[PDB]
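Some notes on the structure that comes next.
Using ideal geometry, Cβ is built from the backbone for each residue, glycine included, and neighbour counts are taken over all protein chains shown. Quick note: the coordinates plus some simple rules give every number you see, no bench work behind them.
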Amino acid sequence: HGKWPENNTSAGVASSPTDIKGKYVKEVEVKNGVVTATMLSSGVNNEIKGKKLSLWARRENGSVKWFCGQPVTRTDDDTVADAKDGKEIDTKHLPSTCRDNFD
Amino acid sequence: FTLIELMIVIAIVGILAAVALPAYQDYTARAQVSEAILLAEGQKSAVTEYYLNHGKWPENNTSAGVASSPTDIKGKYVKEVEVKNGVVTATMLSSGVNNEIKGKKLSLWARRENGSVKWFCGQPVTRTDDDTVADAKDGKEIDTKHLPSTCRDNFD
Amino acid sequence: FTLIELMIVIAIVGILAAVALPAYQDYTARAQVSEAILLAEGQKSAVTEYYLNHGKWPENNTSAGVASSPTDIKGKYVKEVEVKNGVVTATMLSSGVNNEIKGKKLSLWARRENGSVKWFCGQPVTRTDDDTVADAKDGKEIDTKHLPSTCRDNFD
Amino acid sequence: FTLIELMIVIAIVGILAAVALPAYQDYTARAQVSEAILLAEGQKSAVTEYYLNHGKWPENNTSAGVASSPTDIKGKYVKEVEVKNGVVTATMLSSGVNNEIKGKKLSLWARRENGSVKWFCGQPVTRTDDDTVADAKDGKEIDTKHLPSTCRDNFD
Ligand SMILES: *[C@@H]1O[C@H](C)[C@@H](NC(C)=O)[C@H](O[C@H]2O[C@H](CO)[C@H](O)[C@H](O)[C@H]2O)[C@H]1NC(C)=O
Ligand SMILES: *[C@@H]1O[C@H](C)[C@@H](NC(C)=O)[C@H](O[C@H]2O[C@H](CO)[C@H](O)[C@H](O)[C@H]2O)[C@H]1NC(C)=O
Ligand SMILES: *[C@@H]1O[C@H](C)[C@@H](NC(C)=O)[C@H](O[C@H]2O[C@H](CO)[C@H](O)[C@H](O)[C@H]2O)[C@H]1NC(C)=O
Ligand SMILES: *[C@@H]1O[C@H](C)[C@@H](NC(C)=O)[C@H](O[C@H]2O[C@H](CO)[C@H](O)[C@H](O)[C@H]2O)[C@H]1NC(C)=O
């Protein structure tokens, strides 16, 4: 369709994000391509509870490029913003390969 | 002390069992949904054949020139294929997947575009007049996840 | 210790997202590029029809004997099809893919070979005389990746 | 005192070596079993081609219209592919896995279903008449673990 899906229904996944969830994950929303995932509450003490992760795509001469990590949000076909909302899971928690913000 | 090494196992033990399984039973569904579509492929030209050489969409199989019983036309995971005034409806079988497809329907939606016909799959529809088609919302709508993306096309 | 098991995940997490996606939006493009070609298929004989029974390539649709407005002749992902002195140009639609095709053009290139006509798709061209055709380099050249391989044929 | 920390190591040292290795040499087998299946994919239409334009299943390769020697048709882990009265048997190579596949056979089972043909892989079978096929229990049955699940289909 030539643009990042705004949301789940367009992506073709469970229209409610919360339905898509994990043992320790709350929900998964599509946000203009950027896949944000929200964590559950207790299950760990750790400073993750209700916190967010995002996954960051980008076309690289077709070849798409997936970076996890610091929450981001898309605005245009390749423009994405650092979605600094305080739901940034800390970099310790996060991967190392994906310790990648909006470049 | 090693237990945190056991902890992390039992964190690996509780697996996600990724939604990339049920989104891909929904796209495994897209496989055998396509198996229904690949049936429809045959009727595309045959339904067309009636439509072009008789000037209206065939009501039904016998007119289309296909197996008069729809059920005879079937797939590994597909129940039947009926012609419905040009609109090709396909019904799925029962088990073979867990997924919410069992006995559900797909339709294929034609329309002349200055001669050039236009085939959209998806949300069940039904024809009433030469170009008039209705959203055939009968509860046999296979969910949009399952369905294609190119054909995620209802009655426009 | 297990972390290298987590490392290797996050190495799997950073996926390639294979060029076998964008080389196959370029060959998905080849699908709906072909959808433009399959339009051209109709004009192959009709353009030919004018060419054989009037002795020159038809300038345009009305002469070819097809939909006088090109836009009426169109595809699911194709905008229009114009006859241009025999050369059949096809224009693509907008979104429906991300890919660098949107509004771009394809042409189809005929040529008599001792009667036997020779159809080459591809790089946009335009005719000027009975066999003279020009590379119609207007920036509407769909890239060669997208295009066929058999028809990767410019003006020879 | 720390020894129980050493104990737990030597409990980790004695690993399971999960059955998720040998169930996935059996599904690595499903990979190169599929490599035999992907060969069969070519013969699906070619065997069909003889079946539709001559009215019976081809005995053998030469009739099917494929490499007359089966061994020429082969895979990275596949030995050969023979046509056997429509039924496409594929023989596996020797080492390349430890697994109980080496030289073993797979068959692919066709059947007309009101025209619509029905392809089931799996347990080796062999045809005798237009729709009659036999369980070709020769000891070259690759075990059901190895095999698919969709195609875990013997002669019905
Ligand atoms: C899915 O995402 C795409 C990008 C949206 N299309 C556009 C042009 O933004 C879809 O929204 C369209 O379809 C829905 C279907 O009910 C509705 O008609 C909107 O008006 C359209 O923009 C997105 N799909 C949904 C269900 O939001
Ligand atoms: C096939 O579809 C066309 C549109 C029907 N014709 C009309 C005028 O609706 C055919 O039905 C006609 O032929 C059958 C043949 O037994 C019968 O005589 C009906 O009275 C006609 O309307 C459709 N063919 C069938 C077998 O229904
Ligand atoms: C169709 O293409 C042929 C080659 C044109 N003929 C010539 C001599 O270029 C036709 O144009 C002629 O017919 C139209 C009909 O209204 C008109 O009278 C022009 O003056 C003629 O040249 C082309 N047909 C059209 C409709 O352009
Ligand atoms: C191919 O398979 C068909 C079914 C065979 N025909 C019959 C009637 O069984 C072909 O065998 C015939 O043609 C060969 C050609 O050399 C030979 O003349 C046989 O006598 C015929 O039966 C099969 N083709 C081959 C090459 O076996």
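Being more than 22 Å from C:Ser45 (Cβ to Cβ) and within 14 Å of chain B (Cβ to nearest Cβ) is the filter here, so list the residues in the stretch C:89-104 that pass it.
Answer for the stretch C:89-104, where residues must be more than 22 Å from C:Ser45 (Cβ to Cβ) and within 14 Å of chain B (Cβ to nearest Cβ): C:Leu93, C:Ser95, C:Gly96, C:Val97, C:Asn98, C:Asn99.
Just a yes or no: is a residue in the stretch A:7-20 away from ligand 1 (no atom under 16 Å from the Cβ) and either assigned to a strand (DSSP E or B) or touching a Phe, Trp or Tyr at 6+ places or on another chain (Cβ under 6 Å) (or both)?
No.
Need pairs with beta-carbon distance below 8 Å; first residue more than 12 Å from every other protein chain (Cβ to nearest Cβ) and within the stretch D:1-23, second part of a loop (DSSP other than H, G, I, E, B); sequence gap 6+ or separate chains.
Filtered contacts from the stretch D:1-23: D:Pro22/D:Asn99; D:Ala23/D:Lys145.
Looking only at the stretch D:1-45, filter to residues that are hydroxyl-bearing (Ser, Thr, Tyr) and outside any loop (DSSP other than H, G, I, E, B); which one of those is farthest from D:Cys151 (Cα to Cα)?
Selected residue: D:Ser45.
Tell me, yes or no, whether the stretch B:127-142 has at least one residue that is away from ligand 3 (no atom under 16 Å from the Cβ), within 13 Å of another protein chain (Cβ to nearest Cβ) and not aliphatic (A, V, I, L, M).
No; the residues of the stretch B:127-142 include none that is away from ligand 3 (no atom under 16 Å from the Cβ), within 13 Å of another protein chain (Cβ to nearest Cβ) and not aliphatic (A, V, I, L, M).
More than 9 Å from chain C (Cβ to nearest Cβ), among the charged types (D, E, K, R) and touching a residue at least 40 places away in the same chain (Cβ under 8 Å): does that describe A:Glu47?
On the way: more than 9 Å from chain C (Cβ to nearest Cβ): yes; among the charged types (D, E, K, R): yes; touching a residue at least 40 places away in the same chain (Cβ under 8 Å): yes.
Yes; evaluated as a whole, the condition is true for this residue.
Among the numbered conditions (1) within 14 Å of chain C (Cβ to nearest Cβ); (2) crowded, with 17+ Cβ neighbours inside 10 Å; (3) in contact (Cβ under 8 Å) with a residue 24 or more places away in the chain, tell me where B:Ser107 comes up short.
The one condition B:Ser107 does not meet is (1).
Given (1) within 16 Å of ligand 4 (Cβ to nearest atom); (2) part of a loop (DSSP other than H, G, I, E, B); (3) among the charged types (D, E, K, R); (4) touching a helix residue (DSSP H, G or I) at 6+ places or on another chain (Cβ under 8 Å), where does D:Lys74 come up short, assuming only one miss?
(1)
Here is a yes/no grid of residues against (1) under 20 Å from B:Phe120 (Cα atoms); (2) within 12 Å of another protein chain (Cβ to nearest Cβ); (3) out of contact with any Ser or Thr (no Cβ under 9 Å at 6 or more places or on another chain):
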{"residue": "C:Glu35", "(1), (2), (3)": "yes, yes, yes"}
{"residue": "C:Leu38", "(1), (2), (3)": "yes, yes, yes"}
{"residue": "C:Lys44", "(1), (2), (3)": "no, no, yes"}
{"residue": "C:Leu52", "(1), (2), (3)": "no, no, yes"}
{"residue": "C:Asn61", "(1), (2), (3)": "no, yes, no"}
{"residue": "C:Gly65", "(1), (2), (3)": "no, no, yes"}
{"residue": "C:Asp72", "(1), (2), (3)": "yes, yes, no"}
{"residue": "C:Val83", "(1), (2), (3)": "no, no, no"}
{"residue": "C:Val87", "(1), (2), (3)": "no, no, no"}
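So, in the stretch C:44-73, exactly how many residues are of a type in the set (S, T, N, Q) and in contact (Cβ under 8 Å) with a residue 60 or more places away in the chain?
Number of matching residues: 1.
Of the residues that make up the stretch C:10-29, is at least one more than 16 Å from ligand 4 (Cβ to nearest atom), buried (at least 19 other Cβ atoms within 10 Å of the Cβ) and farther than 30 Å from A:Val35 by Cβ?
no
A:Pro71: touching a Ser or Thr at 6+ places or on another chain (Cβ under 8 Å), more than 9 Å from every other protein chain (Cβ to nearest Cβ) and either buried (at least 19 other Cβ atoms within 10 Å of the Cβ) or within 30 Å of B:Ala29 (Cβ to Cβ) (or both), yes or no?
yes
Restricting the stretch D:107-156 to residues that are touching a helix residue (DSSP H, G or I) at 6+ places or on another chain (Cβ under 7 Å) and assigned to a strand (DSSP E or B), which is nearest to D:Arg30 (Cα to Cα)?
Among residues in the stretch D:107-156 that are touching a helix residue (DSSP H, G or I) at 6+ places or on another chain (Cβ under 7 Å) and assigned to a strand (DSSP E or B), the one nearest to D:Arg30 (Cα to Cα) is D:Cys121.
Taking the stretch B:52-90 as the search range and keeping residues that are hydroxyl-bearing (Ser, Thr, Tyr) and buried (at least 20 other Cβ atoms within 10 Å of the Cβ), which one is farthest from the chain's Cα centre (by Cα)?
Here the answer is B:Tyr77.
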